[PDB]
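**Student:** So I've got this file, target.cif, and it contains mmCIF, C-alpha atoms:
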```
data_protein
loop_
_atom_site.label_atom_id
_atom_site.label_comp_id
_atom_site.auth_asym_id
_atom_site.auth_seq_id
_atom_site.Cartn_x
_atom_site.Cartn_y
_atom_site.Cartn_z
CA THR A 1 17.12 4.39 22.36
CA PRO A 2 16.66 3.54 18.63
CA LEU A 3 13.51 1.83 17.28
CA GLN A 4 14.54 -1.80 16.65
CA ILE A 5 12.39 -4.50 15.09
CA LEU A 6 13.54 -8.05 15.57
CA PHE A 7 13.24 -9.69 12.18
CA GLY A 8 14.82 -12.96 13.31
CA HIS A 9 18.20 -14.64 13.94
CA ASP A 10 21.15 -15.35 11.66
CA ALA A 11 20.98 -18.86 10.22
CA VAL A 12 24.53 -19.76 11.30
CA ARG A 13 25.74 -17.18 13.87
CA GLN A 14 22.38 -17.16 15.74
CA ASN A 15 22.77 -13.40 16.44
CA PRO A 16 19.57 -11.30 16.49
CA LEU A 17 18.90 -9.45 13.22
CA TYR A 18 17.28 -6.04 13.65
CA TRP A 19 15.46 -3.62 11.37
CA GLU A 20 15.93 0.05 12.22
CA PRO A 21 13.50 2.06 10.00
CA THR A 22 14.20 5.46 11.66
CA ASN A 23 18.03 5.08 11.14
CA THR A 24 18.87 6.67 7.78
CA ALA A 25 22.50 5.48 7.88
CA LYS A 26 21.34 1.87 8.00
CA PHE A 27 18.14 2.43 5.94
CA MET A 28 17.59 5.40 3.58
CA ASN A 29 13.91 4.46 3.18
CA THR A 30 11.52 2.03 4.92
CA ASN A 31 10.17 0.47 1.74
CA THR A 32 10.09 -3.31 2.08
CA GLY A 33 9.49 -6.38 -0.06
CA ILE A 34 8.36 -9.56 1.70
CA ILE A 35 8.22 -12.57 -0.68
CA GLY A 36 7.14 -16.19 -0.22
CA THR A 37 5.02 -18.96 -1.71
CA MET A 38 2.44 -20.89 0.35
CA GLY A 39 3.65 -22.77 3.45
CA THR A 40 6.81 -20.68 4.08
CA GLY A 41 5.30 -18.68 6.99
CA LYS A 42 6.05 -15.27 5.46
CA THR A 43 2.70 -13.96 6.73
CA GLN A 44 3.71 -15.10 10.22
CA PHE A 45 6.86 -12.94 9.76
CA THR A 46 4.96 -9.93 8.35
CA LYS A 47 2.72 -10.09 11.40
CA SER A 48 5.69 -10.03 13.80
CA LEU A 49 7.06 -6.95 12.05
CA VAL A 50 3.68 -5.21 12.36
CA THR A 51 3.05 -6.31 15.93
CA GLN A 52 6.53 -5.08 16.94
CA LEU A 53 6.14 -1.78 15.09
CA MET A 54 2.92 -1.22 16.99
CA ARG A 55 4.56 -2.27 20.29
CA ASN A 56 7.77 -0.29 19.74
CA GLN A 57 6.46 2.98 18.25
CA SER A 58 7.57 4.41 21.63
CA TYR A 59 11.15 4.45 20.27
CA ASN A 60 10.07 6.44 17.19
CA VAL A 61 11.82 9.81 16.93
CA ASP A 62 10.12 12.09 19.55
CA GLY A 63 8.19 8.94 20.56
CA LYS A 64 5.50 9.87 18.00
CA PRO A 65 2.91 7.15 17.16
CA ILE A 66 3.16 5.21 13.84
CA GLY A 67 -0.02 4.67 11.79
CA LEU A 68 -0.13 1.36 9.91
CA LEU A 69 -2.63 0.71 7.05
CA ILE A 70 -2.90 -2.93 6.06
CA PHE A 71 -4.65 -4.10 2.92
CA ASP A 72 -5.66 -7.65 3.73
CA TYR A 73 -6.73 -9.57 0.60
CA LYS A 74 -7.10 -13.01 2.22
CA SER A 75 -8.39 -12.36 5.81
CA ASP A 76 -4.89 -13.04 7.25
CA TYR A 77 -4.74 -10.04 9.63
CA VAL A 78 -7.97 -10.54 11.58
CA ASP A 79 -7.28 -13.47 13.95
CA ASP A 80 -8.07 -12.78 17.62
CA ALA A 81 -4.50 -13.00 18.82
CA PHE A 82 -3.23 -10.54 16.16
CA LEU A 83 -5.99 -7.99 16.74
CA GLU A 84 -5.41 -8.39 20.48
CA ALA A 85 -1.65 -7.80 20.33
CA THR A 86 -1.89 -4.77 17.96
CA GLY A 87 -5.20 -3.27 19.05
CA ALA A 88 -5.96 -3.09 15.33
CA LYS A 89 -9.20 -1.60 14.08
CA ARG A 90 -10.92 -3.46 11.23
CA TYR A 91 -12.87 -1.95 8.34
CA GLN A 92 -15.01 -4.03 6.02
CA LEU A 93 -15.83 -3.00 2.48
CA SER A 94 -19.15 -1.49 3.51
CA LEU A 95 -19.65 2.20 3.91
CA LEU A 96 -15.92 2.94 4.22
CA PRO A 97 -16.02 6.29 6.06
CA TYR A 98 -13.90 8.25 3.60
CA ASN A 99 -14.51 9.86 0.25
CA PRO A 100 -12.16 9.52 -2.77
CA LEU A 101 -13.60 12.76 -4.18
CA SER A 102 -12.64 14.94 -1.22
CA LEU A 103 -10.09 17.63 -2.05
CA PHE A 104 -6.47 17.98 -0.90
CA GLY A 105 -3.76 20.08 -2.51
CA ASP A 106 -3.52 23.60 -3.91
CA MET A 107 -2.76 22.95 -7.57
CA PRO A 108 -4.83 25.02 -9.98
CA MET A 109 -8.04 23.26 -11.04
CA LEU A 110 -7.74 21.05 -7.95
CA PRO A 111 -11.15 19.45 -8.33
CA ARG A 112 -10.20 18.39 -11.89
CA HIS A 113 -6.92 16.84 -10.81
CA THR A 114 -8.89 14.76 -8.32
CA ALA A 115 -11.50 13.73 -10.88
CA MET A 116 -8.82 12.78 -13.41
CA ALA A 117 -6.86 10.63 -10.98
CA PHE A 118 -10.12 8.97 -9.86
CA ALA A 119 -11.11 8.32 -13.47
CA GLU A 120 -7.66 6.91 -14.27
CA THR A 121 -7.71 4.66 -11.20
CA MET A 122 -11.20 3.39 -11.95
CA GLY A 123 -10.30 3.01 -15.65
CA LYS A 124 -7.34 0.78 -14.75
CA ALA A 125 -9.32 -1.25 -12.20
CA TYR A 126 -12.08 -2.05 -14.71
CA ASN A 127 -10.21 -1.74 -18.02
CA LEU A 128 -12.40 1.18 -19.11
CA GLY A 129 -11.80 2.84 -22.44
CA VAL A 130 -10.84 6.37 -23.30
CA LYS A 131 -14.40 7.60 -23.72
CA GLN A 132 -15.63 6.09 -20.47
CA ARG A 133 -12.76 7.60 -18.51
CA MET A 134 -13.52 11.03 -20.01
CA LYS A 135 -17.23 10.64 -19.36
CA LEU A 136 -16.45 9.83 -15.74
CA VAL A 137 -14.37 13.00 -15.32
CA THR A 138 -17.16 14.99 -16.95
CA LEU A 139 -19.83 13.55 -14.63
CA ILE A 140 -17.65 14.17 -11.60
CA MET A 141 -17.04 17.81 -12.58
CA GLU A 142 -20.79 18.19 -12.88
CA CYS A 143 -21.14 16.69 -9.36
CA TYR A 144 -18.53 19.08 -7.98
CA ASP A 145 -20.54 21.94 -9.61
CA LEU A 146 -23.90 20.87 -8.10
CA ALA A 147 -22.01 20.97 -4.77
CA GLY A 148 -20.75 24.56 -5.37
CA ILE A 149 -17.20 23.35 -6.01
CA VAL A 150 -15.77 24.96 -9.11
CA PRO A 151 -12.25 24.52 -10.55
CA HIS A 152 -11.31 28.15 -11.20
CA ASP A 153 -12.36 29.38 -7.75
CA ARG A 154 -10.18 28.07 -4.94
CA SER A 155 -12.47 29.54 -2.25
CA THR A 156 -15.04 26.85 -3.03
CA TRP A 157 -12.52 24.02 -2.45
CA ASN A 158 -13.29 23.54 1.27
CA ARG A 159 -16.95 22.78 0.67
CA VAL A 160 -18.30 19.24 1.17
CA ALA A 161 -17.35 16.94 -1.71
CA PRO A 162 -19.86 14.89 -3.61
CA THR A 163 -19.60 11.09 -3.23
CA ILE A 164 -19.49 8.08 -5.54
CA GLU A 165 -23.28 7.74 -5.02
CA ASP A 166 -23.83 11.29 -6.45
CA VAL A 167 -21.68 10.33 -9.44
CA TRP A 168 -23.81 7.20 -10.03
CA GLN A 169 -27.03 9.22 -9.69
CA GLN A 170 -25.57 11.68 -12.22
CA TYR A 171 -24.78 8.85 -14.61
CA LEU A 172 -28.41 7.72 -14.46
CA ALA A 173 -29.83 11.24 -14.91
CA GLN A 174 -28.08 11.75 -18.27
CA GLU A 175 -30.13 12.12 -21.47
CA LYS A 176 -28.19 9.26 -23.11
CA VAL A 177 -27.33 6.57 -20.53
CA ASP A 178 -24.94 4.17 -22.23
CA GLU A 179 -25.16 0.53 -21.11
CA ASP A 180 -21.55 -0.30 -21.18
CA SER A 181 -18.69 -1.39 -18.92
CA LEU A 182 -18.70 1.94 -17.01
CA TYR A 183 -22.40 1.60 -16.34
CA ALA A 184 -21.80 -1.92 -14.97
CA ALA A 185 -18.82 -0.87 -12.83
CA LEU A 186 -20.76 2.01 -11.30
CA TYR A 187 -24.02 0.12 -10.78
CA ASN A 188 -22.02 -2.40 -8.80
CA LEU A 189 -19.67 -0.02 -6.95
CA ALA A 190 -22.66 2.01 -5.81
CA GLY A 191 -24.99 -0.98 -5.24
CA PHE A 192 -22.55 -2.56 -2.77
CA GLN A 193 -22.15 0.84 -1.04
CA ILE A 194 -18.43 0.19 -0.66
CA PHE A 195 -17.81 3.81 0.36
CA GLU A 196 -19.94 5.93 2.66
CA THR A 197 -22.89 7.38 0.66
CA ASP A 198 -23.49 10.44 2.86
CA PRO A 199 -21.03 13.31 1.96
CA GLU A 200 -21.37 14.54 5.59
CA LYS A 201 -20.08 11.29 7.19
CA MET A 202 -16.75 11.26 5.34
CA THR A 203 -13.80 11.50 7.69
CA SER A 204 -10.06 11.97 7.10
CA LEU A 205 -8.38 8.85 5.75
CA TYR A 206 -4.95 9.97 6.82
CA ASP A 207 -6.10 10.32 10.43
CA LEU A 208 -8.21 7.20 10.22
CA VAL A 209 -4.81 5.47 10.07
CA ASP A 210 -3.97 5.80 13.77
CA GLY A 211 -2.46 2.59 15.01
CA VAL A 212 -2.90 -0.61 13.07
CA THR A 213 -5.76 -0.31 10.64
CA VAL A 214 -7.00 -3.31 8.63
CA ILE A 215 -9.04 -3.02 5.48
CA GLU A 216 -10.31 -6.46 4.67
CA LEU A 217 -10.86 -7.06 1.00
CA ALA A 218 -11.90 -10.74 1.02
CA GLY A 219 -15.18 -11.73 -0.63
CA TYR A 220 -15.14 -9.05 -3.35
CA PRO A 221 -14.04 -9.35 -7.01
CA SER A 222 -10.46 -8.32 -7.74
CA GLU A 223 -11.75 -5.23 -9.64
CA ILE A 224 -13.39 -3.83 -6.54
CA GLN A 225 -10.50 -4.90 -4.30
CA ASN A 226 -7.90 -3.24 -6.46
CA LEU A 227 -10.09 -0.17 -6.90
CA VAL A 228 -10.37 0.19 -3.11
CA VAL A 229 -6.67 -0.18 -2.54
CA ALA A 230 -5.74 2.27 -5.36
CA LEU A 231 -8.43 4.86 -4.44
CA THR A 232 -7.37 4.67 -0.77
CA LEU A 233 -3.74 5.17 -1.83
CA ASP A 234 -4.62 8.07 -4.21
CA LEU A 235 -6.39 9.81 -1.34
CA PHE A 236 -3.70 8.96 1.15
CA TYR A 237 -0.94 10.32 -1.13
CA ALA A 238 -2.87 13.59 -1.59
CA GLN A 239 -3.28 14.10 2.17
CA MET A 240 0.35 13.07 2.88
CA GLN A 241 1.70 15.83 0.64
CA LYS A 242 -0.20 18.38 2.77
CA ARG A 243 0.88 17.15 6.23
CA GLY A 244 4.54 18.15 6.18
CA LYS A 245 7.87 16.55 6.85
CA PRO A 246 8.98 14.48 9.81
CA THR A 247 11.36 15.65 12.50
CA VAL A 248 14.96 14.83 11.55
CA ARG A 249 17.73 14.61 14.20
CA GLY A 250 21.18 13.45 13.05
CA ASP A 251 20.91 10.05 11.36
CA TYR A 252 17.36 9.51 12.64
CA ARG A 253 14.12 10.32 10.77
CA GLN A 254 10.70 10.01 12.45
CA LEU A 255 8.32 7.47 10.98
CA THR A 256 4.76 8.75 10.50
CA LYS A 257 2.80 6.11 8.51
CA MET A 258 3.44 2.71 6.93
CA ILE A 259 1.29 0.99 4.36
CA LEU A 260 1.14 -2.79 3.82
CA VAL A 261 -0.43 -4.59 0.86
CA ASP A 262 -0.59 -8.35 1.42
CA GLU A 263 -0.94 -10.45 -1.71
CA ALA A 264 0.27 -7.46 -3.73
CA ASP A 265 1.15 -9.31 -6.95
CA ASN A 266 -1.98 -8.59 -9.03
CA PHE A 267 -2.30 -5.00 -7.77
CA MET A 268 1.34 -4.28 -8.70
CA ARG A 269 0.78 -5.67 -12.18
CA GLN A 270 -1.96 -3.12 -12.79
CA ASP A 271 0.61 -0.29 -12.31
CA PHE A 272 -1.56 2.14 -10.31
CA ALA A 273 0.09 5.55 -10.24
CA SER A 274 -0.23 6.26 -6.53
CA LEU A 275 1.67 3.17 -5.36
CA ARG A 276 4.74 4.27 -7.34
CA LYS A 277 4.32 7.82 -6.06
CA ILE A 278 4.27 6.62 -2.44
CA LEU A 279 7.29 4.31 -2.91
CA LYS A 280 9.28 7.20 -4.49
CA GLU A 281 8.11 10.19 -2.44
CA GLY A 282 7.02 8.71 0.88
CA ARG A 283 10.49 9.03 2.47
CA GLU A 284 10.42 12.81 3.02
CA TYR A 285 6.92 12.55 4.57
CA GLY A 286 7.94 9.73 6.92
CA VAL A 287 5.88 7.24 4.91
CA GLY A 288 6.96 3.83 3.67
CA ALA A 289 5.35 0.88 1.94
CA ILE A 290 5.61 -2.84 2.44
CA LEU A 291 4.71 -5.19 -0.34
CA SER A 292 4.07 -8.82 0.42
CA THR A 293 3.89 -11.12 -2.62
CA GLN A 294 3.91 -14.79 -3.70
CA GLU A 295 6.38 -14.25 -6.53
CA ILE A 296 9.38 -11.95 -7.06
CA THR A 297 8.30 -11.59 -10.68
CA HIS A 298 6.40 -8.31 -10.50
CA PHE A 299 9.03 -6.24 -8.62
CA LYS A 300 11.35 -5.92 -11.67
CA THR A 301 8.81 -5.08 -14.31
CA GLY A 302 8.95 -1.84 -16.31
CA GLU A 303 11.22 1.20 -16.22
CA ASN A 304 11.63 2.55 -12.69
CA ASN A 305 10.56 -0.88 -11.40
CA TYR A 306 9.20 -1.42 -7.89
CA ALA A 307 12.51 -3.11 -6.90
CA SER A 308 14.28 0.16 -7.68
CA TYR A 309 12.64 1.83 -4.64
CA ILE A 310 12.80 -1.08 -2.17
CA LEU A 311 15.88 -1.24 0.12
CA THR A 312 14.78 -3.94 2.57
CA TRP A 313 14.05 -7.46 1.30
CA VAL A 314 12.96 -10.61 3.16
CA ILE A 315 12.88 -13.32 0.54
CA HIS A 316 11.36 -16.68 1.50
CA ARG A 317 11.02 -19.67 -0.87
CA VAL A 318 9.53 -19.23 -4.36
CA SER A 319 8.52 -21.80 -7.01
CA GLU A 320 9.30 -19.65 -10.08
CA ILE A 321 12.41 -17.44 -10.26
CA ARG A 322 14.48 -15.88 -13.07
CA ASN A 323 17.85 -14.20 -13.45
CA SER A 324 16.05 -10.90 -14.15
CA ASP A 325 14.61 -11.18 -10.62
CA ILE A 326 17.99 -11.60 -8.91
CA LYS A 327 19.40 -8.64 -10.83
CA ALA A 328 16.26 -6.71 -9.82
CA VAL A 329 16.19 -7.62 -6.12
CA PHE A 330 19.81 -8.43 -5.20
CA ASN A 331 21.35 -6.19 -7.87
CA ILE A 332 24.20 -8.49 -8.92
CA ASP A 333 25.39 -9.08 -12.51
CA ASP A 334 27.70 -12.08 -12.09
CA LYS A 335 25.84 -15.14 -13.38
CA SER A 336 27.27 -17.61 -10.87
CA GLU A 337 25.94 -16.09 -7.61
CA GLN A 338 22.56 -15.83 -9.38
CA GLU A 339 22.42 -19.62 -9.49
CA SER A 340 23.43 -20.30 -5.85
CA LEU A 341 20.93 -17.63 -4.75
CA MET A 342 18.26 -19.19 -7.04
CA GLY A 343 18.76 -22.76 -5.90
CA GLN A 344 19.30 -21.50 -2.34
CA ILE A 345 15.97 -19.59 -2.40
CA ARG A 346 14.35 -22.71 -3.94
CA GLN A 347 15.71 -24.77 -0.99
CA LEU A 348 14.67 -22.33 1.77
CA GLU A 349 12.61 -23.83 4.58
CA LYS A 350 9.46 -22.74 6.41
CA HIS A 351 10.25 -19.61 8.44
CA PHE A 352 13.68 -19.22 6.78
CA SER A 353 14.52 -16.34 4.44
CA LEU A 354 17.29 -14.30 2.82
CA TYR A 355 17.33 -10.97 4.64
CA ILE A 356 18.81 -8.06 2.62
CA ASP A 357 19.45 -5.05 4.84
CA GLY A 358 19.77 -1.45 3.65
CA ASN A 359 23.51 -1.69 3.08
CA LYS A 360 22.90 -4.56 0.61
CA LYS A 361 24.26 -7.27 2.92
CA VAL A 362 22.54 -10.65 2.43
CA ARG A 363 22.13 -13.03 5.41
CA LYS A 364 20.18 -16.26 5.68
CA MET A 365 17.74 -15.84 8.56
CA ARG A 366 15.36 -17.78 10.73
CA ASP A 367 12.30 -15.50 11.10
CA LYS A 368 10.98 -14.33 14.42
CA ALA A 369 7.39 -15.48 13.72
CA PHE A 370 4.33 -13.87 15.28
CA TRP A 371 3.38 -16.93 17.38
CA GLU A 372 6.91 -16.92 18.86
CA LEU A 373 6.40 -13.36 20.15
#
```
Starting from the file, give its structure as structure tokens.
**Tutor:**
Amino acid sequence: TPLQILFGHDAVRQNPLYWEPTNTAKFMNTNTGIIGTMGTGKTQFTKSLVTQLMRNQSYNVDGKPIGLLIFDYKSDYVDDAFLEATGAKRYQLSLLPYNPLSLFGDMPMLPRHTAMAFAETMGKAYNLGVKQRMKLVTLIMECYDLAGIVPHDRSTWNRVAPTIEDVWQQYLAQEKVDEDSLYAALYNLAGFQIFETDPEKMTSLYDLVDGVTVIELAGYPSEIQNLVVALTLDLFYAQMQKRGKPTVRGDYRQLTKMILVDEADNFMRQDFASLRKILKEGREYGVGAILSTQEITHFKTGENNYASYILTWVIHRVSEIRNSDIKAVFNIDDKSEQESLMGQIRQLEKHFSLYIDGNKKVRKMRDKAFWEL
């Protein structure tokens, strides 16, 4: 009865290789790195994983459904077959029906916590300076006030949140309207009406992720794309904290939601707070993250690197690799294996990968691709 995803088959033994994300003996967390350069069919693998998860959520602990949120940078998750097999809903970057400024949590000054994280996310996305970030928090607090939401009074926290449009309107209605990078970012963010403008039409993001949900980011500058991913993740994280812990029976933990970011390299480099929070804290809420990338490079970077939270790896071929990367991903100090792994990863063929399971066992693999399903 345990949820099994067929990743592929052993390169030599030919035996089926399974992923068991509910089984905490085999996998402590569901966090997953999928790596590959162009022409290695990694996206065909990622799609199999997702299609199977959607198909086999029946086997989830208590048979509970598994929400999957996919951030699709390159329009790779919207072919007819894939949407047919998953029943995936698609959202374009127009009037997204959720509101970054809506309130979740019970911390004191809750509205200010939300404004500050929003300002920090937007500051990172557009490289805004200290003063702009502060100004943004100030304008948002004024928008919360106009809406009867006030930081010292927690009884006002269930009222309808202002939206990004109200913040832009507030920017314009100032006595001194600076014509700077924040003005430009807001003019544009609001002009494209990326998020729903009507405070009343905002729905719950967390619940919006029922089944396979695709947010397609293609055709928008990387500032807006990254902003949408990070703001969606900030909001998601806040809701997830308030929804409780999954049912645990023996070695088996129920899976509630998964998040996928495909072409994650540039987003990861920006170091958005909420991604790290989800990778670290998702486990107890039944949430995991999958990061699909071209390079391995950006998994090792910084203290508490992304690698440090990822137990499952499916490494396809990569042009550029370093020793730092093998230490990061494989976690092996001896300089000789690093080289065979490196050259071996360099030699890997289309639809072949090095699968690292949750007990750190490496196995060359031939992927079960989506078309083969």
**Student:** Using all atoms listed in the file, determine which residues lie at most 9 Å from residue 112 in chain A, disregarding the query and same-chain residues fewer than 2 positions distant; provide the list as a ChimeraX atom specification.
**Tutor:** /A:108-110,114-117,137,140-141,151
**Student:** Residues near residue 35 in chain A, anyone? I mean within 6 Å using all atoms listed in the file, not counting same-chain ones fewer than 4 positions away, as a count of residues only.
**Tutor:** 5
**Student:** Take CA of residue 37 in chain A and CA of residue 318 in chain A and report the distance between them in Å, one decimal.
**Tutor:**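 CA of residue 37 in chain A sits 5.2 Å away from CA of residue 318 in chain A.
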**Student:** Determine, for each residue of range 80-145 of chain A having at least one atom at most 10 Å from an atom of range 186-195 of chain A, the closest pair of atoms and their separation in Å to one decimal, counting only C-alpha atoms; order by chain and ascending number, as CSV.
**Tutor:**
```
residue,atom,partner,partner_atom,distance
A:92,CA,A:194,CA,8.6
A:93,CA,A:194,CA,5.2
A:94,CA,A:194,CA,4.6
A:95,CA,A:195,CA,4.3
A:96,CA,A:195,CA,4.4
A:97,CA,A:195,CA,6.5
A:98,CA,A:195,CA,6.7
A:99,CA,A:195,CA,6.9
A:100,CA,A:195,CA,8.6
A:122,CA,A:186,CA,9.7
A:136,CA,A:186,CA,10.0
```
**Student:** Measure the distance from CA of residue 163 in chain A to CA of residue 235 in chain A in Å and round it to one decimal.
**Tutor:**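 Computing it gives 13.4 Å between the two atoms.
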**Student:** For residue 355 in chain A, which of A:90, A:243, A:176, A:9 is the closest residue, counting all atoms listed in the file?
**Tutor:**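 Among the listed residues, A:9 lies closest to residue 355 in chain A.
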**Student:** On this file, the PyMOL selection byres ((chain A and resi 208) around 10) gives some set of residues; write that set as a ChimeraX atom specification.
**Tutor:** /A:67-69,89,97-98,203-207,209-213
**Student:** Residue by residue, what does the PyMOL selection byres ((chain A and resi 17) around 9) grab here? Present the result as a list in words.
**Tutor:**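 After applying the PyMOL selection byres ((chain A and resi 17) around 9), what remains is residues 5, 6, 7, 8, 9, 10, 14, 15, 16, 18, 19, 355 and 365 of chain A.
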**Student:** Would you kindly return, as an MDAnalysis selection string, each protein, DNA or RNA residue with an atom no farther than 9 Å from any atom of residue 183 in chain A, considering all atoms listed in the file and excluding same-chain residues fewer than 5 positions away?
**Tutor:** chainID A and resid 168 171:172 177:178 188
**Student:** Between A:373, A:269, A:255, A:364, which is the closest to residue 283 in chain A once you count only C-alpha atoms?
**Tutor:**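 Ranking A:373, A:269, A:255, A:364 by distance to residue 283 in chain A, first place goes to A:255.
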**Student:** When distances are computed from only C-alpha atoms, which of A:201, A:154, A:280, A:135 shows the smallest separation from residue 182 in chain A?
**Tutor:**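 Result for the nearest residue to residue 182 in chain A: A:135.
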**Student:** What would the selection look like, as a ChimeraX atom specification, if the PyMOL selection byres ((chain A and resi 223) around 9) were run on the coordinates I just shared?
**Tutor:** /A:122,125-126,185,220-222,224-228
**Student:** Identify which of the residues A:217, A:354, A:259, A:279 lies closest to residue 75 in chain A, counting only C-alpha atoms when measuring atom-to-atom distances.
**Tutor:**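 Of all the options, A:217 lies closest to residue 75 in chain A.
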**Student:** Considering only C-alpha atoms, state which residue in the set A:290, A:20, A:50, A:33 is at the smallest distance from residue 330 in chain A.
**Tutor:** A:33
**Student:** Extract, using all atoms listed in the file, all DNA, RNA and protein residues at most 8 Å from residue 64 in chain A, discarding same-chain residues fewer than 6 positions from it, and format them as a ChimeraX atom specification.
**Tutor:** /A:57-58,254-256
**Student:** By how many Å are CA of residue 336 in chain A and CA of residue 323 in chain A apart?
**Tutor:**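 Between CA of residue 336 in chain A and CA of residue 323 in chain A the gap is 10.3 Å.
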**Student:** Taking all atoms listed in the file into account, name the residue in A:372, A:262, A:106, A:251 that is nearest to residue 27 in chain A.
**Tutor:**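 Among A:372, A:262, A:106, A:251, it is A:251 that comes nearest to residue 27 in chain A.
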**Student:** Could you list, as a list in words, every residue within 10 Å of range 79-82 of chain A, counting only C-alpha atoms and ignoring same-chain residues fewer than 3 positions away?
**Tutor:**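 The contact residues come out as residues 47, 48, 50, 51, 75, 76, 85, 86, 87, 88, 370 and 371 of chain A.
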